[PDB]
Structures are given as structure tokens and as C-alpha cells.
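Raw contents of structure.txt, compact mmCIF, C-alpha atoms:
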# COMPACT_ATOMS: atom_id res chain seq x y z
CA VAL A 3 80.94 100.23 124.30
CA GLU A 4 78.10 98.24 122.68
CA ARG A 5 78.58 97.77 118.92
CA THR A 6 75.98 96.95 116.31
CA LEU A 7 77.14 96.49 112.68
CA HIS A 8 74.54 97.01 109.98
CA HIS A 9 76.05 95.28 106.93
CA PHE A 10 75.53 93.04 103.93
CA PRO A 11 77.56 89.82 104.18
CA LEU A 12 78.87 89.78 100.63
CA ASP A 13 79.94 93.43 100.64
CA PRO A 14 83.71 94.06 100.62
CA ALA A 15 83.36 97.34 102.59
CA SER A 16 81.35 95.55 105.27
CA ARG A 17 83.86 92.73 105.41
CA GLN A 18 86.75 95.14 106.03
CA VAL A 19 84.96 96.37 109.17
CA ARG A 20 84.19 92.83 110.31
CA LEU A 21 87.89 91.90 109.88
CA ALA A 22 89.13 94.98 111.78
CA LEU A 23 86.70 94.43 114.69
CA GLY A 24 87.47 90.74 114.84
CA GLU A 25 91.22 91.26 114.71
CA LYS A 26 90.89 93.81 117.56
CA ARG A 27 88.65 91.37 119.49
CA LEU A 28 85.85 93.91 119.70
CA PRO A 29 82.51 92.13 120.07
CA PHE A 30 79.63 93.28 117.94
CA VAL A 31 76.09 92.29 117.12
CA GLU A 32 75.11 92.22 113.49
CA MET A 33 72.09 93.33 111.55
CA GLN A 34 72.00 92.25 107.92
CA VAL A 35 70.60 94.76 105.44
CA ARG A 36 69.20 94.15 101.96
CA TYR A 37 70.21 97.65 101.13
CA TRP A 38 69.53 97.38 97.38
CA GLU A 39 65.86 97.28 98.48
CA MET A 40 66.40 100.71 100.06
CA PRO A 41 64.62 99.94 103.30
CA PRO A 42 63.56 103.43 104.54
CA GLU A 43 64.79 102.74 108.07
CA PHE A 44 68.38 102.11 106.89
CA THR A 45 68.46 105.31 104.87
CA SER A 46 67.58 107.08 108.11
CA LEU A 47 70.78 105.61 109.58
CA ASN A 48 72.89 106.46 106.54
CA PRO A 49 71.66 108.88 103.87
CA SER A 50 73.77 107.18 101.17
CA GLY A 51 71.76 104.00 101.67
CA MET A 52 75.02 101.98 101.79
CA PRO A 53 76.52 99.63 104.41
CA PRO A 54 78.44 99.26 106.50
CA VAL A 55 77.17 101.33 109.43
CA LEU A 56 78.63 100.83 112.88
CA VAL A 57 76.51 102.05 115.80
CA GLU A 58 78.51 102.51 119.02
CA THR A 59 76.41 102.97 122.11
CA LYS A 60 77.67 104.18 125.47
CA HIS A 61 75.33 105.21 128.30
CA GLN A 62 72.43 105.19 125.89
CA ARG A 63 74.17 107.76 123.66
CA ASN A 64 74.64 106.63 120.05
CA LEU A 65 77.52 107.29 117.68
CA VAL A 66 76.46 106.30 114.14
CA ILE A 67 79.60 105.77 112.06
CA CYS A 68 78.94 105.37 108.36
CA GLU A 69 81.12 103.56 105.79
CA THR A 70 84.75 102.52 105.86
CA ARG A 71 86.61 105.77 105.68
CA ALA A 72 84.99 106.91 108.91
CA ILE A 73 84.72 103.45 110.51
CA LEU A 74 88.26 102.18 110.02
CA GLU A 75 89.94 105.41 111.12
CA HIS A 76 87.64 105.54 114.17
CA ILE A 77 88.48 102.00 115.18
CA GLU A 78 92.22 102.51 114.77
CA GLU A 79 92.07 105.84 116.73
CA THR A 80 90.05 104.53 119.64
CA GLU A 81 91.16 100.91 119.95
CA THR A 82 94.93 100.46 119.67
CA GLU A 83 95.06 96.69 120.51
CA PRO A 84 96.75 95.62 118.13
CA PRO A 85 97.43 98.38 115.58
CA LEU A 86 96.27 97.94 112.01
CA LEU A 87 98.21 100.98 110.91
CA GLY A 88 101.98 101.08 111.37
CA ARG A 89 103.88 103.67 113.39
CA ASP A 90 106.15 104.92 110.62
CA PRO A 91 104.42 107.62 108.48
CA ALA A 92 105.50 105.72 105.36
CA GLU A 93 103.66 102.54 106.41
CA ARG A 94 100.55 104.53 107.37
CA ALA A 95 100.63 106.35 104.02
CA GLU A 96 101.13 103.14 102.08
CA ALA A 97 98.30 101.34 103.86
CA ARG A 98 95.88 104.24 103.26
CA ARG A 99 96.92 104.45 99.62
CA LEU A 100 96.04 100.77 99.30
CA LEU A 101 92.69 101.31 101.06
CA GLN A 102 91.90 103.82 98.32
CA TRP A 103 93.34 101.54 95.66
CA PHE A 104 90.88 98.77 96.58
CA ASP A 105 87.89 100.87 97.48
CA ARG A 106 88.06 102.87 94.22
CA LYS A 107 90.29 101.42 91.54
CA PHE A 108 89.74 97.70 92.20
CA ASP A 109 86.06 98.34 92.98
CA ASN A 110 85.60 100.14 89.65
CA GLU A 111 87.78 97.96 87.36
CA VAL A 112 86.94 94.53 88.80
CA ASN A 113 83.90 94.60 91.06
CA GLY A 114 81.91 96.80 88.67
CA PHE A 115 82.13 93.91 86.22
CA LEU A 116 82.46 90.62 88.15
CA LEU A 117 80.26 91.42 91.12
CA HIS A 118 77.79 93.44 89.06
CA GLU A 119 77.19 90.86 86.36
CA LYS A 120 76.86 87.91 88.75
CA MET A 121 75.77 88.79 92.28
CA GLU A 122 73.98 92.14 91.72
CA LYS A 123 72.13 91.15 88.56
CA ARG A 124 70.98 87.99 90.31
CA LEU A 125 69.73 89.84 93.38
CA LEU A 126 67.91 92.43 91.21
CA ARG A 127 66.59 89.68 88.88
CA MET A 128 68.13 91.48 85.91
CA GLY A 129 69.14 88.31 84.10
CA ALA A 130 72.30 86.63 82.90
CA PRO A 131 75.85 88.02 82.97
CA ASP A 132 77.17 89.90 79.99
CA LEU A 133 80.02 87.60 78.93
CA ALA A 134 82.15 90.45 77.58
CA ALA A 135 81.76 92.37 80.82
CA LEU A 136 82.89 89.22 82.66
CA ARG A 137 85.92 88.79 80.44
CA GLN A 138 86.85 92.42 81.05
CA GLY A 139 86.54 91.97 84.82
CA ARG A 140 88.63 88.80 84.76
CA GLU A 141 91.46 90.54 82.88
CA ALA A 142 91.35 93.53 85.22
CA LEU A 143 91.41 91.10 88.16
CA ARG A 144 94.54 89.43 86.74
CA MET A 145 96.21 92.84 86.45
CA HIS A 146 95.34 93.67 90.08
CA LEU A 147 96.57 90.27 91.25
CA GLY A 148 99.83 90.80 89.38
CA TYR A 149 100.25 94.14 91.13
CA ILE A 150 99.75 92.71 94.58
CA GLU A 151 101.98 89.74 93.70
CA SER A 152 104.81 92.13 92.86
CA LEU A 153 104.33 93.81 96.22
CA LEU A 154 104.17 90.63 98.18
CA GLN A 155 107.42 89.30 96.66
CA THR A 156 109.19 92.38 98.09
CA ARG A 157 107.35 92.86 101.42
CA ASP A 158 105.91 90.56 104.01
CA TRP A 159 102.53 92.31 104.00
CA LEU A 160 100.97 94.63 101.45
CA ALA A 161 102.04 97.84 103.17
CA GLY A 162 105.38 96.59 104.51
CA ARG A 163 106.55 94.57 107.47
CA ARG A 164 103.39 94.80 109.54
CA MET A 165 99.97 93.35 108.74
CA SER A 166 97.56 96.29 108.26
CA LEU A 167 94.18 97.56 107.08
CA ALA A 168 95.64 97.30 103.55
CA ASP A 169 95.79 93.49 103.83
CA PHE A 170 92.24 93.42 105.12
CA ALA A 171 91.06 95.69 102.31
CA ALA A 172 92.62 93.54 99.61
CA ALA A 173 91.49 90.34 101.33
CA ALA A 174 87.94 91.61 101.89
CA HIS A 175 87.57 92.40 98.20
CA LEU A 176 89.20 89.17 97.06
CA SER A 177 87.15 87.08 99.49
CA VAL A 178 83.90 88.12 97.78
CA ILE A 179 85.31 87.38 94.34
CA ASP A 180 86.55 84.07 95.80
CA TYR A 181 83.05 83.23 97.08
CA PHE A 182 81.99 83.35 93.42
CA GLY A 183 84.96 81.19 92.35
CA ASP A 184 86.67 83.88 90.27
CA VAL A 185 90.14 84.25 91.79
CA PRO A 186 92.94 82.39 89.94
CA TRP A 187 95.09 81.93 93.06
CA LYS A 188 97.20 79.28 91.31
CA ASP A 189 98.85 81.90 89.13
CA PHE A 190 100.05 84.26 91.90
CA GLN A 191 102.10 82.34 94.42
CA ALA A 192 102.90 85.07 96.94
CA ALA A 193 99.28 86.25 96.85
CA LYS A 194 97.99 82.69 97.35
CA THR A 195 100.31 82.25 100.35
CA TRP A 196 99.31 85.60 101.84
CA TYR A 197 95.58 84.87 101.48
CA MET A 198 95.94 81.40 102.95
CA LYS A 199 97.56 83.00 106.01
CA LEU A 200 94.86 85.68 106.35
CA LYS A 201 92.04 83.20 105.79
CA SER A 202 93.26 81.13 108.75
CA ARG A 203 93.05 83.99 111.24
CA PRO A 204 90.22 84.04 113.79
CA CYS A 205 88.89 87.36 112.39
CA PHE A 206 88.25 85.63 109.05
CA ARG A 207 86.24 82.74 110.43
CA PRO A 208 82.78 84.38 110.41
CA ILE A 209 83.41 85.66 106.93
CA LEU A 210 84.11 82.11 105.74
CA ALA A 211 80.77 81.12 107.28
CA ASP A 212 78.83 83.69 105.22
CA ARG A 213 76.09 82.21 103.06
CA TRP A 214 73.33 84.05 101.23
CA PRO A 215 70.15 82.40 99.83
CA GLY A 216 70.42 81.64 96.12
CA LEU A 217 74.16 82.35 96.13
CA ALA A 218 76.06 79.10 96.70
CA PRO A 219 79.78 79.73 97.25
CA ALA A 220 82.61 77.91 95.53
CA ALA A 221 83.52 74.63 97.23
CA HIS A 222 86.94 75.87 98.32
CA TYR A 223 85.66 79.20 99.68
CA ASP A 224 85.78 78.11 103.32
CA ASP A 225 88.66 75.60 103.02
CA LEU A 226 91.91 76.62 104.74
CA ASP A 227 93.62 74.55 102.03
CA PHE A 228 92.74 75.46 98.42
Encoded form using C-alpha cells:
Amino acid sequence: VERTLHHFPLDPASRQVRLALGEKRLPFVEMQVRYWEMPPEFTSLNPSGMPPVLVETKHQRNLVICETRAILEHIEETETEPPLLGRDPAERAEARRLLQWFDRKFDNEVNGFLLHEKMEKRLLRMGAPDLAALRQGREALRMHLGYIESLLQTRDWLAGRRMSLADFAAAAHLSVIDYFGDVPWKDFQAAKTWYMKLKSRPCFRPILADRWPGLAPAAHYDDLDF
């Protein structure tokens, strides 16, 4: 199968797909999309206008898989090597719960403040961050970090004994916040240790190489020691 991933580098959803494909050693070509500019041609691929979109081609027939709910389940169903969902129903349920936790709750309570006020406003030339919005995002982030810390002191990985899509979801989201220097790793020891381990995996390497014009990452962003 040929794979083309239409994505935006600093998008957590996109990064989850890049981590899953990398971890499964599935090659893909990438096409970067400035989706906020609503390029007509991308909206013809995905009517929501949002990345990521994975196009799988086999014998010149295309399967256009849009956004993470469809993409991640497709990957896990069709490429078992290695599994990013556990075998026990409880581990599968817990990982999926955590996918939803990050894609909805974390995205709303943290990203809607920290990523909106800094990255999105910059890209749309809408001016400076609202400092109160930033303070609200930072406090929400600390509450989410505390939650994952409590999990990681009781489990090896977020969803239990096996590394899963839940780890990649949390790490994808945190990696973008980390690019903008906003994660207080020093205060959450189990979470710091967990991220350091994820960040050193081969699948993470391209993500650490991400750079976008006008958006200069924190100095430690691509350091394996931080």
C-alpha cells in the first residue's frame, strides 16, 4: 500500500497518525497543508477542512481516510505489527477513553487557550496573546498533567502495562505545547520520565525535526535530555 499523509506539522491530531505509522514502520509520503487558509483542493479531500488525511493507494484505487478516529482504528485493524491497542477489553477501553480525553477535553481546556492564543493567532495575524486566556490554559494544563501523573505512578503506560495509542495521543498533544515551551515537566516526575522515553523512540524523531517558519521552538524541544 502507498500512503500519503496530508497534515499540518504542529497539529496534535496529525502527530498521532505520524507516531502510529512510524511505530508500525509503515512508510508514508507527506504533504503539508496550511489548512487555516482553506485551500479548496484540501476541502475536496476532507469536507471538514481539517487534517490529518491519510490516502492509501493500492492498484490505483484510493482510500481517503479522514481524521484520527477513522485513521487510528484503520491502522490498528489492518496493520497488527506491533499492536497499539491491548488484547484485554479493559486495556482497549481505557486507551480509547484516553484518546477521547485528549482529543476533546484536553483539546478544549488547554489547546483552546495555549495553542489558540500563541500559534493560531500568530498564523492568522490576529495579534498578541490574551494573558488571562494563557493563565487559564496553563492552570488547566497543570490539572491535566496531575491527572496523567497519578496514572503513571500506578501503571507503566497510560492505559496499563502496554504502550498504546493513549500514550501517543497524550504525547502528541504535549509535544506541541512543548514546542512552545509551555510544559512544566519538572513538576511531574512520572510524566517527565514517560515523555523522555517516548521522545527517544524512532517514531518520534521526525516530529522532533518539525519546524515551521516564524515559529521557533523551545531550545529543549528536540533534546533527548531536558
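For residue 67 of chain A, the residues within 7 Å (counting all atoms listed in the file, excluding itself and residues fewer than 5 positions away along the chain) are residues 55, 56, 57, 72 and 73 of chain A.
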For residue 192 of chain A, the nearest of the candidates A:164, A:222, A:157, A:20, counting all atoms listed in the file: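 Result for the nearest residue to residue 192 of chain A: A:157.
With all atoms listed in the file as the atoms that count, the residue of A:218, A:3, A:97, A:117 with the shortest distance to residue 171 of chain A is A:97.
Distances to residue 122 of chain A were evaluated for A:24, A:29, A:216, A:148 using only C-alpha atoms, and the minimum falls at A:216.
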Atom CA of residue 86 of chain A to atom CA of residue 167 of chain A, distance in Å rounded to a single decimal: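 It comes out at 5.4 Å.
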Among the residues A:199, A:144, A:131, A:49, the one that comes closest to residue 187 of chain A [using all atoms listed in the file]: A:144
Expected residue set, 9 Å radius at (103.1, 88.2, 93.9), only C-alpha atoms, as an NGL selection string: :A and (147-156 or 189-194)
All residues 8 Å or closer to residue 116 of chain A, all atoms listed in the file, same chain fewer than 3 positions away omitted, as an MDAnalysis selection string: chainID A and resid 112:113 119:120 135:136 139:140 179
Contact residues around segment 172-175 of chain A with all atoms listed in the file at 10 Å, ignoring same-chain residues under 5 positions, as a ChimeraX atom specification: /A:12-21,100-101,103-105,108-109,112-113,146-147,150,160,167,180,193,196-197,200-201,206,209
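With atom CA of residue 168 of chain A on one side and atom CA of residue 217 of chain A on the other, the separation reads 27.2 Å.
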Take segment 3-25 of chain A from the block and save it with N, CA, C and O atoms, as a JSON list (two decimals), in the first residue's frame.
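The resulting file, result.json, is reproduced below:
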[["chain", "number", "residue", "atom", "x", "y", "z"],
["A", 3, "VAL", "N", 0.82, -1.21, 0.00],
["A", 3, "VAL", "CA", 0.00, 0.00, 0.00],
["A", 3, "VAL", "C", 0.86, 1.27, 0.00],
["A", 3, "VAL", "O", 1.73, 1.43, 0.86],
["A", 4, "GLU", "N", 0.63, 2.18, -0.94],
["A", 4, "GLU", "CA", 1.24, 3.51, -0.87],
["A", 4, "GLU", "C", 0.43, 4.38, 0.09],
["A", 4, "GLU", "O", -0.80, 4.36, 0.05],
["A", 5, "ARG", "N", 1.13, 5.16, 0.91],
["A", 5, "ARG", "CA", 0.49, 6.07, 1.87],
["A", 5, "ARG", "C", 0.99, 7.47, 1.71],
["A", 5, "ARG", "O", 2.21, 7.72, 1.68],
["A", 6, "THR", "N", 0.04, 8.40, 1.56],
["A", 6, "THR", "CA", 0.32, 9.82, 1.58],
["A", 6, "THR", "C", -0.45, 10.46, 2.75],
["A", 6, "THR", "O", -1.66, 10.29, 2.86],
["A", 7, "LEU", "N", 0.26, 11.18, 3.62],
["A", 7, "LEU", "CA", -0.37, 11.85, 4.77],
["A", 7, "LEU", "C", -0.40, 13.35, 4.53],
["A", 7, "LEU", "O", 0.64, 14.00, 4.44],
["A", 8, "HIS", "N", -1.61, 13.88, 4.39],
["A", 8, "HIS", "CA", -1.84, 15.31, 4.31],
["A", 8, "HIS", "C", -2.05, 15.81, 5.75],
["A", 8, "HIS", "O", -3.02, 15.44, 6.41],
["A", 9, "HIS", "N", -1.15, 16.66, 6.22],
["A", 9, "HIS", "CA", -1.13, 17.04, 7.63],
["A", 9, "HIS", "C", -0.53, 18.43, 7.85],
["A", 9, "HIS", "O", 0.06, 19.02, 6.95],
["A", 10, "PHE", "N", -0.69, 18.95, 9.06],
["A", 10, "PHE", "CA", 0.00, 20.16, 9.44],
["A", 10, "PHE", "C", 0.93, 19.76, 10.58],
["A", 10, "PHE", "O", 0.48, 19.13, 11.53],
["A", 11, "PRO", "N", 2.22, 20.10, 10.48],
["A", 11, "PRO", "CA", 3.22, 19.60, 11.41],
["A", 11, "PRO", "C", 2.87, 19.83, 12.86],
["A", 11, "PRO", "O", 3.06, 18.94, 13.68],
["A", 12, "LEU", "N", 2.39, 21.02, 13.20],
["A", 12, "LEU", "CA", 2.17, 21.35, 14.60],
["A", 12, "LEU", "C", 0.72, 21.09, 15.02],
["A", 12, "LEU", "O", 0.18, 21.77, 15.87],
["A", 13, "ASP", "N", 0.11, 20.08, 14.42],
["A", 13, "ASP", "CA", -1.23, 19.66, 14.79],
["A", 13, "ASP", "C", -1.15, 18.36, 15.60],
["A", 13, "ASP", "O", -0.60, 17.38, 15.13],
["A", 14, "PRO", "N", -1.70, 18.35, 16.82],
["A", 14, "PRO", "CA", -1.67, 17.13, 17.62],
["A", 14, "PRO", "C", -2.34, 15.93, 16.94],
["A", 14, "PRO", "O", -1.83, 14.83, 17.08],
["A", 15, "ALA", "N", -3.46, 16.12, 16.24],
["A", 15, "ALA", "CA", -4.15, 15.01, 15.58],
["A", 15, "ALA", "C", -3.23, 14.38, 14.54],
["A", 15, "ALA", "O", -3.08, 13.16, 14.47],
["A", 16, "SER", "N", -2.62, 15.24, 13.73],
["A", 16, "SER", "CA", -1.69, 14.83, 12.70],
["A", 16, "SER", "C", -0.53, 14.07, 13.29],
["A", 16, "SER", "O", -0.09, 13.06, 12.75],
["A", 17, "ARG", "N", 0.01, 14.58, 14.39],
["A", 17, "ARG", "CA", 1.13, 13.92, 15.04],
["A", 17, "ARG", "C", 0.80, 12.52, 15.56],
["A", 17, "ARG", "O", 1.65, 11.64, 15.55],
["A", 18, "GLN", "N", -0.42, 12.31, 16.04],
["A", 18, "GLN", "CA", -0.82, 10.99, 16.49],
["A", 18, "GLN", "C", -0.71, 9.97, 15.35],
["A", 18, "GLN", "O", -0.30, 8.84, 15.56],
["A", 19, "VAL", "N", -1.11, 10.37, 14.16],
["A", 19, "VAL", "CA", -1.05, 9.50, 12.98],
["A", 19, "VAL", "C", 0.41, 9.26, 12.59],
["A", 19, "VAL", "O", 0.80, 8.16, 12.26],
["A", 20, "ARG", "N", 1.23, 10.31, 12.63],
["A", 20, "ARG", "CA", 2.64, 10.14, 12.30],
["A", 20, "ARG", "C", 3.33, 9.19, 13.30],
["A", 20, "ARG", "O", 4.11, 8.32, 12.90],
["A", 21, "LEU", "N", 3.02, 9.31, 14.59],
["A", 21, "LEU", "CA", 3.54, 8.38, 15.59],
["A", 21, "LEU", "C", 3.09, 6.93, 15.37],
["A", 21, "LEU", "O", 3.88, 6.01, 15.49],
["A", 22, "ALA", "N", 1.80, 6.72, 15.07],
["A", 22, "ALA", "CA", 1.29, 5.36, 14.86],
["A", 22, "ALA", "C", 1.96, 4.72, 13.63],
["A", 22, "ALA", "O", 2.37, 3.56, 13.68],
["A", 23, "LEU", "N", 2.07, 5.48, 12.55],
["A", 23, "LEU", "CA", 2.64, 4.94, 11.30],
["A", 23, "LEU", "C", 4.12, 4.63, 11.48],
["A", 23, "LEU", "O", 4.61, 3.57, 11.09],
["A", 24, "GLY", "N", 4.82, 5.56, 12.10],
["A", 24, "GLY", "CA", 6.21, 5.36, 12.44],
["A", 24, "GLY", "C", 6.44, 4.15, 13.33],
["A", 24, "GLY", "O", 7.32, 3.33, 13.06],
["A", 25, "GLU", "N", 5.65, 4.02, 14.39],
["A", 25, "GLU", "CA", 5.84, 2.94, 15.33],
["A", 25, "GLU", "C", 5.56, 1.60, 14.63],
["A", 25, "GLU", "O", 6.19, 0.60, 14.93]]
